[PDB]
């Protein structure tokens, strides 16, 4: 209780989507996308008519709404560009210039897709993953074939390292009354896949003390038969001159009343070298990227948070919950080291954080 009033985080509510004319039935994974902190896109069928709604997070009181039919709609992370699909037909549309950009017809249905950069869409079929540039004439390019361990899964995420050399596909399945995560880590250079049991993950770049060059880290969290675990590992050849990053493995805690909770989302602060982990029940956890030390845990949402993105300005995490609350969490930069000193009583981490300068 000493200094218990000083949190290491700042929680913020940004929006309530039901106050912006969004039907609650459409606030969910199949109909609402948030590919970055810049936009939220919702598909709604008002009467017999399919509509696409775009909320510009910089102008949220003026949603853009159009009678456009699509099975899925994802805004570009940065520009006023949208990808739409209808069956096997994909199109990318330049909203700003009110013009079509690119189109492609697949032979296999796309069951999941996501923007992975300012200019590339990843496409997941039942049997493969493709990357499609929004520029130029190029067709999607196959990156890898799907591993059998993901067969029949609901795909929930796809993401890459910054250099697009380490690719990660995540799915879940219902095995009796358990939700089991299955990941496929693919190395572009080695042309090798590794199946991993995991629920949520991210990549990060991290410059170790004593090294001149960044390490590419892969962090994943799982709740399996052994309970909750978080792993932080370097992937790929360490830059010449670097020492290797020692792999970290730490517990992920669930209270006794939360036996059916599990990880659903992860984002990593570039600036603060902190991992944000969100659970199905609406808990957030913070871990130190370097050591895996658990900094903080709390239940921040009464409803499941079903989509997240980096929150750029604060190097935090932003998300939408099933009632339509748009919320974020970030490090509170002036309070985190007091909290580490006096509540965690971890002066090694207090020092290491100040030395990084944060």
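Residue numbers count along the first chain shown, from 1. Think of the rigid core as the biggest set of C-alphas that the two forms share within 1.5 Å after superposition.
Superpose by the rigid core: which stretch, 273 to 281 or 95 to 103, shows more Cα shift in 8 other deposited structures of this protein? Output: 95 to 103, the stretch lying farther off on average in 8 other deposited structures of this protein.
Line up the rigid core: which moves more in 8 other deposited structures of this protein, 173 to 181 or 243 to 251, by C-alpha RMS? More C-alpha displacement in 8 other deposited structures of this protein shows up in 173 to 181.
Which wins on mean Cα temperature factor, 136 to 144 or 263 to 271? Mean C-alpha B-factor is greater for 136 to 144.
Look over 109 to 117 and 188 to 196 in the entry and identify the one with the greater average Cα temperature factor. In the deposited entry, the stretch with the higher C-alpha B-factor mean is 188 to 196.
In the PDB entry, which of 9, 20, 349, 344 has its C-alpha at the highest B-factor? Result of the comparison over 9, 20, 349, 344: 20.
Using the temperature factors in the entry, find which of 255, 282, 244, 228 has the highest value at its Cα atom. Each of 255, 282, 244, 228 was compared by C-alpha B-factor; the highest is 244.
Chain-relative CA temperature factor third for residue 291: It falls in the middle third of the chain.
Split the chain's modelled residues into thirds by Cα B-factor; is residue 26 in the lowest, middle or highest one? Middle third.
Where the record places residue 65 (Cα B-factor, split into thirds across the chain): Its C-alpha B-factor belongs to the highest third of this chain's values.
Residue 38: which third of its chain by C-alpha temperature factor? Middle third, going by the recorded CA B-factors of the chain.
Rank-wise, by C-alpha B-factor, drop residue 302 into the lowest, middle or highest third of its chain. Its C-alpha B-factor belongs to the middle third of this chain's values.
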